[PDB]
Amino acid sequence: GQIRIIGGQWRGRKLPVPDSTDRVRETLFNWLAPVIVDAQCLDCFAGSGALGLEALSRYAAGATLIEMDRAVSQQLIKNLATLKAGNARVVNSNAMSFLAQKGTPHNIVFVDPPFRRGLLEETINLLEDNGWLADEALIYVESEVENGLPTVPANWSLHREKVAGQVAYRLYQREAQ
């Protein structure tokens, strides 16, 4: 497995992601371009780290990367060490346990769960209820079109949306209320 960082300080740098897309990341980070510098980012299901790593490359101030798979969390840590990225941490946890505590506010949150039903709406409510979001946070949500629009709290509004293939890529903006 290889991950390519397509932008920022490590643009073009290639990283191994063990035995277990560009246009997506391109679209998302174009949406995030004017807020990404010095942002605090949380990746709820970091997986390969594609999202968190691209965020750090583009001069995010910091990224907390949450990943349930121990082997995957370990490789992520190794890739951060390669890149000399000290302004990040990896927590080996499922998102439901992790977010069910008093949180810390983030400017940008990535919500791309490995499966939708049982995780997506639950994660969204925990983010909102436990203080994980800064006053005007952006939350990226990836979901199959077939699922419809996810239930979001009333103070979240749909900010950007792209549909490609079977998948809806969305960015919500949250108002502190």
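Note that residue numbering begins at 1 and tracks the sequence as displayed.
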query	finding
Length class of the unmodelled deposited segment, which would lie between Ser20 and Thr21	4 to 9
From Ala50, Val37, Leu65, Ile108, residue of greatest CA B-factor	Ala50
Relative C-alpha B-factor of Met96, binned into the chain's lowest, middle or highest third	highest
Assigned third (lowest, middle, highest) for the C-alpha B factor of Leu42	lowest
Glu136 - which third its CA temperature factor falls in, relative to the rest of the chain	highest
Entry-reported Cα temperature factor of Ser57, expressed as the chain third it lands in	lowest
Record-listed C-alpha B factor of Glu121: chain third	middle
